[PDB]
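S.K.: One file is attached below, final-v5.csv, containing CSV, N, CA and C atoms.
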chain,number,residue,atom,x,y,z
A,87,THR,N,38.0,-14.4,-85.5
A,87,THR,CA,38.0,-13.1,-86.0
A,87,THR,C,36.8,-12.5,-85.2
A,88,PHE,N,36.8,-11.2,-85.1
A,88,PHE,CA,35.7,-10.5,-84.5
A,88,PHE,C,35.2,-9.6,-85.5
A,89,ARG,N,34.0,-9.3,-85.7
A,89,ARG,CA,33.6,-8.4,-86.8
A,89,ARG,C,32.2,-7.8,-86.5
A,90,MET,N,32.1,-6.5,-86.6
A,90,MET,CA,30.7,-5.9,-86.4
A,90,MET,C,30.6,-4.7,-87.3
A,91,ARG,N,29.4,-4.4,-87.8
A,91,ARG,CA,29.1,-3.3,-88.6
A,91,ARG,C,28.1,-2.4,-87.9
A,92,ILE,N,28.5,-1.1,-87.8
A,92,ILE,CA,27.7,-0.1,-87.1
A,92,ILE,C,27.1,0.9,-88.2
A,93,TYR,N,25.9,1.3,-87.9
A,93,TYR,CA,25.2,2.2,-88.9
A,93,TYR,C,24.7,3.5,-88.2
A,94,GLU,N,24.7,4.5,-89.0
A,94,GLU,CA,24.3,5.8,-88.6
A,94,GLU,C,22.9,6.0,-88.1
A,95,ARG,N,22.0,5.3,-88.9
A,95,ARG,CA,20.6,5.4,-88.6
A,95,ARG,C,20.1,4.0,-88.1
A,96,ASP,N,18.9,4.0,-87.6
A,96,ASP,CA,18.3,2.7,-87.2
A,96,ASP,C,18.0,1.9,-88.5
A,97,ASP,N,17.7,0.6,-88.2
A,97,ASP,CA,17.3,-0.3,-89.2
A,97,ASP,C,18.3,-0.4,-90.4
A,98,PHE,N,19.6,-0.4,-90.0
A,98,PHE,CA,20.7,-0.5,-91.0
A,98,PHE,C,20.7,0.4,-92.2
A,99,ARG,N,20.3,1.7,-91.8
A,99,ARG,CA,20.3,2.8,-92.8
A,99,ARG,C,21.4,3.7,-92.5
A,100,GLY,N,21.8,4.4,-93.5
A,100,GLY,CA,22.9,5.4,-93.4
A,100,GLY,C,24.2,4.7,-93.7
A,101,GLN,N,25.3,5.4,-93.4
A,101,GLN,CA,26.6,4.9,-93.6
A,101,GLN,C,27.0,3.8,-92.6
A,102,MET,N,27.7,2.8,-93.1
A,102,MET,CA,28.1,1.7,-92.3
A,102,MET,C,29.5,1.7,-92.1
A,103,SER,N,30.1,1.3,-90.9
A,103,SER,CA,31.5,1.3,-90.6
A,103,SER,C,31.7,-0.1,-90.1
A,104,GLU,N,32.8,-0.8,-90.6
A,104,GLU,CA,33.1,-2.2,-90.1
A,104,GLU,C,34.2,-2.1,-89.1
A,105,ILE,N,34.1,-2.8,-88.0
A,105,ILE,CA,35.1,-2.9,-87.0
A,105,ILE,C,35.5,-4.3,-86.7
A,106,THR,N,36.8,-4.5,-86.5
A,106,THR,CA,37.4,-5.9,-86.3
A,106,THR,C,38.3,-5.9,-85.0
A,107,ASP,N,38.5,-4.7,-84.4
A,107,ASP,CA,39.5,-4.5,-83.3
A,107,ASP,C,38.9,-3.6,-82.2
A,108,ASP,N,39.5,-3.6,-81.1
A,108,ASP,CA,39.0,-2.7,-80.0
A,108,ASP,C,39.1,-1.3,-80.4
A,109,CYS,N,38.2,-0.5,-79.9
A,109,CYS,CA,38.1,0.9,-80.2
A,109,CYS,C,37.9,1.7,-78.9
A,110,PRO,N,38.9,2.3,-78.3
A,110,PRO,CA,38.8,3.1,-77.1
A,110,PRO,C,38.1,4.4,-77.4
A,111,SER,N,37.9,5.0,-78.6
A,111,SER,CA,37.3,6.2,-78.8
A,111,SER,C,36.7,6.2,-80.2
A,112,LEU,N,35.4,6.0,-80.3
A,112,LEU,CA,34.7,5.9,-81.6
A,112,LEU,C,34.7,7.2,-82.3
A,113,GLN,N,34.6,8.3,-81.5
A,113,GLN,CA,34.7,9.7,-82.0
A,113,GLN,C,36.1,10.0,-82.8
A,114,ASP,N,37.2,9.5,-82.2
A,114,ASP,CA,38.5,9.7,-82.8
A,114,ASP,C,38.7,9.0,-84.2
A,115,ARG,N,38.3,7.7,-84.1
A,115,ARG,CA,38.5,6.8,-85.2
A,115,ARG,C,37.4,7.0,-86.3
A,116,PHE,N,36.2,7.2,-85.9
A,116,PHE,CA,35.1,7.2,-86.9
A,116,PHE,C,34.4,8.5,-86.9
A,117,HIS,N,34.7,9.5,-86.1
A,117,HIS,CA,34.1,10.8,-86.0
A,117,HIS,C,32.6,10.6,-85.7
A,118,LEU,N,32.3,9.6,-84.8
A,118,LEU,CA,31.0,9.2,-84.6
A,118,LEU,C,30.7,9.3,-83.1
A,119,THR,N,29.6,9.8,-82.6
A,119,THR,CA,29.2,9.8,-81.1
A,119,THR,C,28.1,8.8,-80.7
A,120,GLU,N,27.3,8.3,-81.8
A,120,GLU,CA,26.1,7.5,-81.6
A,120,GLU,C,26.1,6.4,-82.6
A,121,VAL,N,25.5,5.3,-82.2
A,121,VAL,CA,25.4,4.2,-83.1
A,121,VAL,C,23.9,3.9,-83.0
A,122,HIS,N,23.2,3.8,-84.1
A,122,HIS,CA,21.7,3.6,-84.1
A,122,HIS,C,21.3,2.2,-84.6
A,123,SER,N,22.1,1.4,-85.2
A,123,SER,CA,21.8,0.0,-85.3
A,123,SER,C,23.2,-0.7,-85.6
A,124,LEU,N,23.3,-2.0,-85.5
A,124,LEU,CA,24.6,-2.7,-85.8
A,124,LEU,C,24.3,-4.2,-86.0
A,125,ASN,N,25.2,-4.8,-86.6
A,125,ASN,CA,25.1,-6.2,-86.9
A,125,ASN,C,26.3,-6.8,-86.4
A,126,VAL,N,26.3,-7.8,-85.4
A,126,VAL,CA,27.5,-8.4,-84.9
A,126,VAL,C,27.6,-9.7,-85.7
A,127,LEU,N,28.6,-9.8,-86.6
A,127,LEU,CA,28.8,-10.9,-87.5
A,127,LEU,C,29.5,-12.1,-86.9
A,128,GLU,N,30.6,-11.8,-86.1
A,128,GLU,CA,31.4,-12.8,-85.4
A,128,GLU,C,31.9,-12.2,-84.2
A,129,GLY,N,32.0,-13.1,-83.1
A,129,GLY,CA,32.5,-12.7,-81.9
A,129,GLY,C,31.4,-12.0,-81.0
A,130,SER,N,31.7,-11.8,-79.8
A,130,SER,CA,30.9,-11.0,-78.9
A,130,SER,C,31.8,-9.7,-78.6
A,131,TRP,N,31.0,-8.7,-78.3
A,131,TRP,CA,31.4,-7.3,-78.1
A,131,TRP,C,30.7,-6.6,-76.9
A,132,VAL,N,31.3,-5.7,-76.3
A,132,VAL,CA,30.7,-4.8,-75.3
A,132,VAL,C,30.7,-3.4,-75.8
A,133,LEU,N,29.6,-2.7,-75.8
A,133,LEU,CA,29.5,-1.3,-76.1
A,133,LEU,C,29.5,-0.6,-74.8
A,134,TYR,N,30.2,0.6,-74.8
A,134,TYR,CA,30.3,1.4,-73.6
A,134,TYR,C,29.8,2.8,-73.9
A,135,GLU,N,29.1,3.4,-73.0
A,135,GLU,CA,28.5,4.7,-73.1
A,135,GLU,C,29.6,5.8,-73.3
A,136,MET,N,30.8,5.6,-72.8
A,136,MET,CA,31.9,6.6,-72.7
A,136,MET,C,33.1,6.2,-73.4
A,137,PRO,N,34.1,7.0,-73.7
A,137,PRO,CA,35.4,6.6,-74.2
A,137,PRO,C,36.2,5.8,-73.1
A,138,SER,N,37.1,5.0,-73.6
A,138,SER,CA,38.1,4.2,-72.9
A,138,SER,C,37.4,3.2,-71.9
A,139,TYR,N,36.3,2.7,-72.4
A,139,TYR,CA,35.6,1.6,-71.7
A,139,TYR,C,35.1,2.0,-70.3
A,140,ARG,N,34.5,3.2,-70.3
A,140,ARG,CA,33.9,3.8,-69.1
A,140,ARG,C,32.3,3.9,-69.3
A,141,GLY,N,31.6,4.1,-68.2
A,141,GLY,CA,30.2,4.3,-68.3
A,141,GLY,C,29.4,3.0,-68.4
A,142,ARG,N,28.1,3.1,-68.7
A,142,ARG,CA,27.3,1.9,-68.7
A,142,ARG,C,27.8,1.0,-69.9
A,143,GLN,N,27.7,-0.3,-69.7
A,143,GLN,CA,28.0,-1.2,-70.8
A,143,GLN,C,26.9,-2.1,-71.2
A,144,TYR,N,27.0,-2.6,-72.5
A,144,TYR,CA,25.9,-3.4,-73.0
A,144,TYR,C,26.6,-4.5,-73.8
A,145,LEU,N,26.2,-5.8,-73.5
A,145,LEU,CA,26.9,-6.9,-74.0
A,145,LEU,C,26.1,-7.3,-75.3
A,146,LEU,N,26.9,-7.6,-76.4
A,146,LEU,CA,26.4,-7.9,-77.7
A,146,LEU,C,26.9,-9.2,-78.2
A,147,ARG,N,26.0,-10.2,-78.4
A,147,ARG,CA,26.3,-11.5,-78.9
A,147,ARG,C,26.0,-11.4,-80.4
A,148,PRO,N,26.5,-12.3,-81.2
A,148,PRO,CA,26.2,-12.3,-82.7
A,148,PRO,C,24.7,-12.2,-83.0
A,149,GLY,N,24.4,-11.3,-84.0
A,149,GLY,CA,23.0,-11.1,-84.4
A,149,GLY,C,22.8,-9.7,-84.9
A,150,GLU,N,21.5,-9.4,-85.1
A,150,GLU,CA,21.1,-8.1,-85.7
A,150,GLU,C,20.4,-7.2,-84.7
A,151,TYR,N,20.8,-6.0,-84.5
A,151,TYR,CA,20.2,-5.0,-83.5
A,151,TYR,C,19.8,-3.8,-84.3
A,152,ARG,N,18.5,-3.7,-84.6
A,152,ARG,CA,18.0,-2.7,-85.4
A,152,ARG,C,17.7,-1.3,-84.8
A,153,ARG,N,17.6,-1.3,-83.4
A,153,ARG,CA,17.4,0.0,-82.7
A,153,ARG,C,18.3,-0.1,-81.4
A,154,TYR,N,18.6,1.0,-80.8
A,154,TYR,CA,19.3,0.9,-79.5
A,154,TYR,C,18.6,0.2,-78.3
A,155,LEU,N,17.3,0.1,-78.4
A,155,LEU,CA,16.5,-0.7,-77.4
A,155,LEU,C,16.9,-2.2,-77.4
A,156,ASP,N,17.2,-2.7,-78.6
A,156,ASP,CA,17.6,-4.1,-78.8
A,156,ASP,C,18.8,-4.5,-78.0
A,157,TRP,N,19.7,-3.6,-77.6
A,157,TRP,CA,20.9,-4.0,-76.8
A,157,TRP,C,20.7,-3.4,-75.4
A,158,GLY,N,19.4,-2.9,-75.1
A,158,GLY,CA,19.0,-2.5,-73.8
A,158,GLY,C,19.4,-1.1,-73.4
A,159,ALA,N,19.8,-0.3,-74.3
A,159,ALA,CA,20.2,1.0,-74.0
A,159,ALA,C,19.0,1.9,-73.9
A,160,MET,N,19.2,3.1,-73.4
A,160,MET,CA,18.2,4.2,-73.2
A,160,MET,C,18.3,5.2,-74.4
A,161,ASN,N,19.4,5.2,-75.0
A,161,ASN,CA,19.8,6.2,-76.1
A,161,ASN,C,20.8,5.6,-77.0
A,162,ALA,N,21.2,6.2,-78.0
A,162,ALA,CA,22.2,5.6,-79.0
A,162,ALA,C,23.6,6.1,-78.7
A,163,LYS,N,23.9,6.7,-77.6
A,163,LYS,CA,25.3,7.3,-77.3
A,163,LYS,C,26.3,6.1,-77.0
A,164,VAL,N,27.4,6.0,-77.8
A,164,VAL,CA,28.4,5.0,-77.6
A,164,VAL,C,29.7,5.7,-77.6
A,165,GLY,N,30.6,5.5,-76.7
A,165,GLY,CA,31.9,6.1,-76.8
A,165,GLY,C,33.1,5.2,-77.1
A,166,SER,N,32.9,3.9,-76.9
A,166,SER,CA,33.9,2.9,-77.1
A,166,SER,C,33.3,1.5,-77.2
A,167,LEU,N,34.1,0.6,-77.7
A,167,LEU,CA,33.7,-0.8,-77.8
A,167,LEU,C,34.9,-1.7,-77.8
A,168,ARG,N,34.7,-2.9,-77.4
A,168,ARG,CA,35.7,-3.9,-77.4
A,168,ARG,C,35.2,-5.3,-77.4
A,169,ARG,N,36.1,-6.2,-77.8
A,169,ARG,CA,35.9,-7.6,-77.9
A,169,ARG,C,35.8,-8.3,-76.6
A,170,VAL,N,34.9,-9.2,-76.5
A,170,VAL,CA,34.7,-10.0,-75.3
A,170,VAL,C,35.7,-11.1,-75.4
A,171,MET,N,36.4,-11.3,-74.2
A,171,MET,CA,37.5,-12.2,-74.1
A,171,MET,C,37.0,-13.5,-73.4
A,172,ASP,N,35.8,-13.6,-72.9
A,172,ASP,CA,35.2,-14.8,-72.3
A,172,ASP,C,35.2,-15.8,-73.4
A,173,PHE,N,35.6,-17.0,-73.0
A,173,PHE,CA,35.6,-18.1,-73.9
A,173,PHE,C,34.3,-18.8,-73.9
A,174,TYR,N,33.7,-18.9,-72.7
A,174,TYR,CA,32.4,-19.5,-72.5
A,174,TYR,C,31.3,-18.5,-72.3
Written as C-alpha cells, that's how I'd like the structure from this file.
M.R.:
Amino acid sequence: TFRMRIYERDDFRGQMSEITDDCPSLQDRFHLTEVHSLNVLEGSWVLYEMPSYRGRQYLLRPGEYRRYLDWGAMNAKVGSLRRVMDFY
C-alpha cells in the first residue's frame, strides 16, 4: 500500500489530506498549491514542483517531514506527486 498525509501548515498543523494513489495535479484534487509538512507512512514517493510530474523533484522515504527544508526544497510549492516504483 502506499500512504502519505499532507498538511497545510508546518509541523503537522492545519487540515490534513491522505493520499494513497498518484496525483498528477494536487490543485485539481485537493485545491492545494503548497504542502508545508507531511508524514510518509508506507511506500516511497516523489514530490514535484509542477503538475504532471514536471519541475524539480524531491524523493521521500517513509518518515516525518515537519518543514519543506526536510525534503530539501526551497519553498513549499508542490504541483504533483507519485509513488516510487523502485523495488530496491
S.K.: If you measure from atom C of residue 132 of chain A to atom CA of residue 114 of chain A, what distance in Å do you get, rounded to one decimal?
M.R.: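 For atom C of residue 132 of chain A relative to atom CA of residue 114 of chain A, the distance reads 16.8 Å.
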S.K.: So that I can check the surroundings of residue 101 of chain A, please list as a list in words every protein, DNA and RNA residue that reaches within 12 Å of it, counting only C-alpha atoms and ignoring chain neighbours fewer than 6 positions away.
M.R.: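 That gives residues 91, 92, 93, 94, 95, 116, 118, 121, 122, 123 and 124 of chain A.
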S.K.: Would you mind reading off the distance between atom N of residue 89 of chain A and atom N of residue 102 of chain A, one decimal, in Å?
M.R.: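 So the answer is 15.5 Å.
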S.K.: Taking all atoms listed in the file into account, which of A:171, A:105, A:155, A:112 comes nearest residue 136 of chain A?
M.R.: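 Between A:171, A:105, A:155, A:112, the residue approaching residue 136 of chain A most closely is A:112.
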S.K.: Just to confirm, what's the straight-line distance from atom C of residue 144 of chain A to atom C of residue 163 of chain A in Å (one decimal)?
M.R.: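 Separation between atom C of residue 144 of chain A and atom C of residue 163 of chain A: 11.1 Å.
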S.K.: Extract the full set of alpha helix (DSSP H) residues from chain A according to DSSP on the backbone, and format it as a VMD selection string.
M.R.: chain A and resid 112 to 116
S.K.: From the options A:153, A:141, A:131, A:160, which residue's atoms come nearest to residue 109 of chain A, counting only C-alpha atoms?
M.R.: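 Using only C-alpha atoms, residue 109 of chain A sits closest to A:131.
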S.K.: Counting all atoms listed in the file, which residue out of A:130, A:138, A:110, A:120 sits closest to residue 161 of chain A?
M.R.: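 Ranking A:130, A:138, A:110, A:120 by distance to residue 161 of chain A, first place goes to A:120.
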S.K.: Nearest residue to residue 169 of chain A out of A:108, A:135, A:156, A:128, using all atoms listed in the file?
M.R.: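 For residue 169 of chain A, the nearest of the given residues is A:108.
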S.K.: When distances are computed from all atoms listed in the file, which of A:152, A:133, A:125, A:166 shows the smallest separation from residue 113 of chain A?
M.R.: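 Answer, going by the shortest atom-to-atom distance: A:166.
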S.K.: Could you give me, as a ChimeraX atom specification, the residues within 7 Å of residue 127 of chain A, counting only C-alpha atoms and dropping anything in the same chain fewer than 4 positions from it?
M.R.: /A:89-90,148-149
S.K.: Find, counting all atoms listed in the file, the residue in A:126, A:107, A:87, A:100 that gets nearest to residue 146 of chain A.
M.R.: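 Between A:126, A:107, A:87, A:100, the residue approaching residue 146 of chain A most closely is A:126.
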S.K.: If you run DSSP over the backbone, which residues in segment 87-173 of chain A end up strand (DSSP E or B)? Put them as a ChimeraX atom specification.
M.R.: /A:89-95,99-105,109,120,123-128,131-136,140-146,149-151,163,166-169
S.K.: N, CA, C and O atoms are needed for segment 129-151 of chain A; please write them out as a PDB file, in the frame of the given file.
M.R.:
ATOM      1  N   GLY A 129      32.000 -13.100 -83.100  1.00  0.00           N
ATOM      2  CA  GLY A 129      32.500 -12.700 -81.900  1.00  0.00           C
ATOM      3  C   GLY A 129      31.400 -12.000 -81.000  1.00  0.00           C
ATOM      4  O   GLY A 129      30.360 -11.592 -81.540  1.00  0.00           O
ATOM      5  N   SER A 130      31.700 -11.800 -79.800  1.00  0.00           N
ATOM      6  CA  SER A 130      30.900 -11.000 -78.900  1.00  0.00           C
ATOM      7  C   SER A 130      31.800  -9.700 -78.600  1.00  0.00           C
ATOM      8  O   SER A 130      32.995  -9.682 -78.566  1.00  0.00           O
ATOM      9  N   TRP A 131      31.000  -8.700 -78.300  1.00  0.00           N
ATOM     10  CA  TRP A 131      31.400  -7.300 -78.100  1.00  0.00           C
ATOM     11  C   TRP A 131      30.700  -6.600 -76.900  1.00  0.00           C
ATOM     12  O   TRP A 131      29.581  -6.977 -76.564  1.00  0.00           O
ATOM     13  N   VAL A 132      31.300  -5.700 -76.300  1.00  0.00           N
ATOM     14  CA  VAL A 132      30.700  -4.800 -75.300  1.00  0.00           C
ATOM     15  C   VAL A 132      30.700  -3.400 -75.800  1.00  0.00           C
ATOM     16  O   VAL A 132      31.715  -2.967 -76.361  1.00  0.00           O
ATOM     17  N   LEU A 133      29.600  -2.700 -75.800  1.00  0.00           N
ATOM     18  CA  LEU A 133      29.500  -1.300 -76.100  1.00  0.00           C
ATOM     19  C   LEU A 133      29.500  -0.600 -74.800  1.00  0.00           C
ATOM     20  O   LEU A 133      28.920  -1.046 -73.830  1.00  0.00           O
ATOM     21  N   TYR A 134      30.200   0.600 -74.800  1.00  0.00           N
ATOM     22  CA  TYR A 134      30.300   1.400 -73.600  1.00  0.00           C
ATOM     23  C   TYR A 134      29.800   2.800 -73.900  1.00  0.00           C
ATOM     24  O   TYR A 134      30.041   3.330 -75.017  1.00  0.00           O
ATOM     25  N   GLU A 135      29.100   3.400 -73.000  1.00  0.00           N
ATOM     26  CA  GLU A 135      28.500   4.700 -73.100  1.00  0.00           C
ATOM     27  C   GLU A 135      29.600   5.800 -73.300  1.00  0.00           C
ATOM     28  O   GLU A 135      29.452   6.814 -74.039  1.00  0.00           O
ATOM     29  N   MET A 136      30.800   5.600 -72.800  1.00  0.00           N
ATOM     30  CA  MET A 136      31.900   6.600 -72.700  1.00  0.00           C
ATOM     31  C   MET A 136      33.100   6.200 -73.400  1.00  0.00           C
ATOM     32  O   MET A 136      33.268   4.938 -73.568  1.00  0.00           O
ATOM     33  N   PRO A 137      34.100   7.000 -73.700  1.00  0.00           N
ATOM     34  CA  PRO A 137      35.400   6.600 -74.200  1.00  0.00           C
ATOM     35  C   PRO A 137      36.200   5.800 -73.100  1.00  0.00           C
ATOM     36  O   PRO A 137      35.878   5.825 -71.945  1.00  0.00           O
ATOM     37  N   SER A 138      37.100   5.000 -73.600  1.00  0.00           N
ATOM     38  CA  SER A 138      38.100   4.200 -72.900  1.00  0.00           C
ATOM     39  C   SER A 138      37.400   3.200 -71.900  1.00  0.00           C
ATOM     40  O   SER A 138      37.842   2.957 -70.829  1.00  0.00           O
ATOM     41  N   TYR A 139      36.300   2.700 -72.400  1.00  0.00           N
ATOM     42  CA  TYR A 139      35.600   1.600 -71.700  1.00  0.00           C
ATOM     43  C   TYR A 139      35.100   2.000 -70.300  1.00  0.00           C
ATOM     44  O   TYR A 139      35.179   1.290 -69.292  1.00  0.00           O
ATOM     45  N   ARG A 140      34.500   3.200 -70.300  1.00  0.00           N
ATOM     46  CA  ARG A 140      33.900   3.800 -69.100  1.00  0.00           C
ATOM     47  C   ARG A 140      32.300   3.900 -69.300  1.00  0.00           C
ATOM     48  O   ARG A 140      31.800   3.870 -70.408  1.00  0.00           O
ATOM     49  N   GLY A 141      31.600   4.100 -68.200  1.00  0.00           N
ATOM     50  CA  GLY A 141      30.200   4.300 -68.300  1.00  0.00           C
ATOM     51  C   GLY A 141      29.400   3.000 -68.400  1.00  0.00           C
ATOM     52  O   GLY A 141      29.884   1.935 -68.048  1.00  0.00           O
ATOM     53  N   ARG A 142      28.100   3.100 -68.700  1.00  0.00           N
ATOM     54  CA  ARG A 142      27.300   1.900 -68.700  1.00  0.00           C
ATOM     55  C   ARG A 142      27.800   1.000 -69.900  1.00  0.00           C
ATOM     56  O   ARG A 142      28.170   1.552 -70.926  1.00  0.00           O
ATOM     57  N   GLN A 143      27.700  -0.300 -69.700  1.00  0.00           N
ATOM     58  CA  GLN A 143      28.000  -1.200 -70.800  1.00  0.00           C
ATOM     59  C   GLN A 143      26.900  -2.100 -71.200  1.00  0.00           C
ATOM     60  O   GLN A 143      25.982  -2.421 -70.475  1.00  0.00           O
ATOM     61  N   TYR A 144      27.000  -2.600 -72.500  1.00  0.00           N
ATOM     62  CA  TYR A 144      25.900  -3.400 -73.000  1.00  0.00           C
ATOM     63  C   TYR A 144      26.600  -4.500 -73.800  1.00  0.00           C
ATOM     64  O   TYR A 144      27.500  -4.348 -74.568  1.00  0.00           O
ATOM     65  N   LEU A 145      26.200  -5.800 -73.500  1.00  0.00           N
ATOM     66  CA  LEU A 145      26.900  -6.900 -74.000  1.00  0.00           C
ATOM     67  C   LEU A 145      26.100  -7.300 -75.300  1.00  0.00           C
ATOM     68  O   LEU A 145      24.887  -7.340 -75.355  1.00  0.00           O
ATOM     69  N   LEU A 146      26.900  -7.600 -76.400  1.00  0.00           N
ATOM     70  CA  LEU A 146      26.400  -7.900 -77.700  1.00  0.00           C
ATOM     71  C   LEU A 146      26.900  -9.200 -78.200  1.00  0.00           C
ATOM     72  O   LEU A 146      28.159  -9.428 -78.266  1.00  0.00           O
ATOM     73  N   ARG A 147      26.000 -10.200 -78.400  1.00  0.00           N
ATOM     74  CA  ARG A 147      26.300 -11.500 -78.900  1.00  0.00           C
ATOM     75  C   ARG A 147      26.000 -11.400 -80.400  1.00  0.00           C
ATOM     76  O   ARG A 147      25.254 -10.517 -80.844  1.00  0.00           O
ATOM     77  N   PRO A 148      26.500 -12.300 -81.200  1.00  0.00           N
ATOM     78  CA  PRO A 148      26.200 -12.300 -82.700  1.00  0.00           C
ATOM     79  C   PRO A 148      24.700 -12.200 -83.000  1.00  0.00           C
ATOM     80  O   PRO A 148      23.832 -12.736 -82.374  1.00  0.00           O
ATOM     81  N   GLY A 149      24.400 -11.300 -84.000  1.00  0.00           N
ATOM     82  CA  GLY A 149      23.000 -11.100 -84.400  1.00  0.00           C
ATOM     83  C   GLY A 149      22.800  -9.700 -84.900  1.00  0.00           C
ATOM     84  O   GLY A 149      23.736  -8.907 -85.037  1.00  0.00           O
ATOM     85  N   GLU A 150      21.500  -9.400 -85.100  1.00  0.00           N
ATOM     86  CA  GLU A 150      21.100  -8.100 -85.700  1.00  0.00           C
ATOM     87  C   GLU A 150      20.400  -7.200 -84.700  1.00  0.00           C
ATOM     88  O   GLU A 150      19.576  -7.748 -83.917  1.00  0.00           O
ATOM     89  N   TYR A 151      20.800  -6.000 -84.500  1.00  0.00           N
ATOM     90  CA  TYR A 151      20.200  -5.000 -83.500  1.00  0.00           C
ATOM     91  C   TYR A 151      19.800  -3.800 -84.300  1.00  0.00           C
ATOM     92  O   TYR A 151      20.594  -2.968 -84.718  1.00  0.00           O
TER      93      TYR A 151
END
